[PDB]
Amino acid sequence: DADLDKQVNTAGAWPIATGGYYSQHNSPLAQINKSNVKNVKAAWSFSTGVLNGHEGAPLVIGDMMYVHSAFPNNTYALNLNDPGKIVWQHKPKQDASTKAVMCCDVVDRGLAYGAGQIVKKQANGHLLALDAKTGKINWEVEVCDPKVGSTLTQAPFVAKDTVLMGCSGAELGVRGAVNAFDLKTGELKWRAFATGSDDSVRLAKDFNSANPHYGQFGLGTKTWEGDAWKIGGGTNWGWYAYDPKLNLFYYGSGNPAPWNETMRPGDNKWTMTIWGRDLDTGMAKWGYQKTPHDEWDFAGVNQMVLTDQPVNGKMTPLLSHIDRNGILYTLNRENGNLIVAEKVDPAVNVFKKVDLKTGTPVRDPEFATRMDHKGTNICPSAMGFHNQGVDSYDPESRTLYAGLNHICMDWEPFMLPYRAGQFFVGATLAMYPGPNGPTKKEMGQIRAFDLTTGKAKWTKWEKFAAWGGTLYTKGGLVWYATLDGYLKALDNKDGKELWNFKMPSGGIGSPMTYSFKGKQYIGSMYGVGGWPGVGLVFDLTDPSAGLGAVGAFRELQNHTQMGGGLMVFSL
């Protein structure tokens, strides 16, 4: 809205989880630079009083900082004048059974802000608008229902007078949808489902007019057999982006359900789709299905980054994105045209490649999944070559700094019934390091990409997956947190490590930055969890447990324990 744009345009403020409408997650603050980064030290800290993964990052508006925790989703307001004191706090009352329906740790990706309001959700399905000054609740509505396996985890997105919010639960057969709510009243504007009729999917009259081959009308029913689409998945629990000139918003819908591909023949549209939808009506202008008939849980919800760059000399309005499938995608954001569809790592084997003319992946049958068969050495794993991390872009060098995962798996499905409110997966996996690490044990990488060619400038290896993302600050640094507990700073130029600090616990969010009384600060949540840490936060031992994850991160315990908090740094 207007208030949001004011904060957006105020230097050193941080009112959007993603960095700005365009989600480049970067910053113009240049107080900390490659030449004085060595001198950065911890400034202050704050504990949330909750355990489990602490994803997201705090918000800064004016001289206030809003922090959030894992379930049960507490919110704390702090005047930067005095971090020692908690101006207001919001502590929801939520039934513990909510946790039983959250697939991947009881996480929360953050808060939103609009119209002098802090917008926050609860895992249990509620969404509220609280005065940013006093914490008084303005409106509170139900969005999802935990009884059918639907919960909330993503950060709300505010644009104009609307708040976008989608529920989680594809692992429990939840049919995904983006819900748009009135910022001032919390009344529902519309809802755009990822499956079913075009009316429910909300497709505009000219949907895919520039790329008829992507598919158009009647496919959210026609690419399924019978009623399977009703519990067809496609939840969007990732990040959003917005182009104010075009009035379009972008996001990816998730994986189809069950995981057992044999139980849902069909392209399963419009799951695994990148969207360009009108903000006011919610009608799709374009739709690109990245992964027809997913056989690997490559949920397509990753962050969307909008950039304006020259392609073959023509300045083009772009959308870039790294999917779980291991493909870096660049499209024209106005029309959905596909420009780049490249492997982020040579180990990607589910596809031989993506045909720019057909616009679909050329499948390698050797790495497919199917009943009565055990697929091995599949890359990427369900966890993907990229997950929920929030990457950064340097507008000057025109590079994206990506936190990738380097994990592969074995998989074999099994038949199961669907019962509402109960898990609907149907697969057994074993996950392990991919093949390219230097000692062949590394599962993370910081990779610098050119978005117009999809070529890597440099690579930095990490023992563990680079789950949270990176931050780019004009001083020429790429900042990130590791699962083993360090916040790091690299030279954007060659990825060389210039600084680091050992935080109490692993970080699974992306770092943020702000100004306060002339000094730039760096903030980072801490507290391992999310999918990588379920073995640790739940004390699992079965390698097969935690959807295959436990076996893969078994050594994380020797480096970190749970936590819950924020650490702020500066010069």
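A residue's number is simply how far along the shown sequence it sits, counting from 1.
Practice task
With reference to the PDB entry, specify whether the mean Cα temperature factor is higher for 497-505 or for 201-209.
Solution key: Higher mean C-alpha B-factor in the PDB entry: 201-209.
Practice task
Look over 279-287 and 375-383 in the entry and identify the one with the greater average Cα temperature factor.
Solution key: For C-alpha atoms only, the mean B-factor is higher in 279-287.
Handout entry: Which of 92, 173, 238, 426 ranks first by CA B-factor in the deposited coordinates
Key = Among 92, 173, 238, 426, the PDB entry lists the largest C-alpha B-factor for 92.
Problem - Deposited CA B-factor, highest of 60, 512, 32, 528 - result: Each of 60, 512, 32, 528 was compared by C-alpha B-factor; the highest is 32.
Handout entry: residue 262 - which third its CA temperature factor falls in, relative to the rest of the chain
Key = It falls in the middle third of the chain.
Practice task
Can you work out whether the C-alpha temperature factor of residue 67 puts it in the lowest, middle or highest third of the chain?
Solution key: Middle third - that is where residue 67 ends up once the chain's C-alpha B-factors are sorted.
Handout entry: Ranked C-alpha temperature factor of residue 544 among modelled chain residues, by third
Key = For residue 544, the deposited C-alpha B-factor lands in the highest third.
Problem - Third of chain Cα B-factors occupied by residue 96 - result: Ranked within chain, residue 96 CA B lands in the highest tercile.
Practice task
Ordered by C-alpha B-factor within the chain, which third holds residue 13? Give me lowest, middle or highest, please.
Solution key: As the PDB entry reports it, the C-alpha B-factor of residue 13 lands in the highest third of its chain.
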